[PDB]
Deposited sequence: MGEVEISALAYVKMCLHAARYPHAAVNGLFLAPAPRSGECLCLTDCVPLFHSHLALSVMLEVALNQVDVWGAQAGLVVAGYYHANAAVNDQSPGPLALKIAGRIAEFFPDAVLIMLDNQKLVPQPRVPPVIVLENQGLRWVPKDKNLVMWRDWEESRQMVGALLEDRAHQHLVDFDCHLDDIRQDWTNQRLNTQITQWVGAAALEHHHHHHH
């Protein structure tokens, strides 16, 4: 069915990919409507042990905030490639085990700094063990125009260098991977 991507989720995802340009990055979307976003890793994404730890932390953090893990985003390092590799499909498929309607979002991290006219994203849905792109009419945006401009202005203010993902948190566990300085509001 339809999925509404919130401003906060889209911005933090873009800020993640922009803090680590030219790297693959991934993350999770949460929903009670994709309302929030947990940036995951920017290196060695295909190793499973810290991903396992991250999935559990966000699950119980979500469960206490009345949220469920509802999606996964992934930006490929290859610049012409917006198609999900086996890692993206594996993780997204596992997430759909606990949430059948989960979405897999491929992010074009090449179309970020000049924010394009149309969202630089492909949204895929689970269709019996295969992931297939959603009809574009089924993907809705809470003020797409406003989400465009805030990413531009916040990147201009180097705000992405204050963005914390789980990799950063592992380096120093005092760092907040919920990014509670969501001063974008």
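The chain's deposited sequence has unresolved stretches at 1, 34-41, 195-212, with no C-alpha coordinates there.
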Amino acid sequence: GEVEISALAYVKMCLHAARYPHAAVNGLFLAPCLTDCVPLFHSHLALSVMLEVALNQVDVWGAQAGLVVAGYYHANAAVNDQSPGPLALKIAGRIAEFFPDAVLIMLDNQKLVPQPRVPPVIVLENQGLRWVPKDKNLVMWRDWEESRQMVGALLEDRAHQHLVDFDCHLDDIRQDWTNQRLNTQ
From here on, numbers count along this sequence of modelled residues.
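Legend: mean Cα B-factor per stretch from the PDB entry, 109-117 versus 75-83; the higher mean is in 109-117. Per-stretch averaging of Cα B factors for 63-71 and 139-147 places 139-147 on top. Within the selection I122, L129, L40, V49, the deposited Cα B-factor values reach their highest point at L129. Ranked against the other modelled residues of its chain, the C-alpha B-factor of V53 as given in the entry falls in the lowest third.
Placement of the Cα temperature factor of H44 within the chain: lowest third of the modelled residues, per the deposited record.
Among the modelled residues of its chain, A31 has a C-alpha B-factor that falls in the middle third according to the deposited record.
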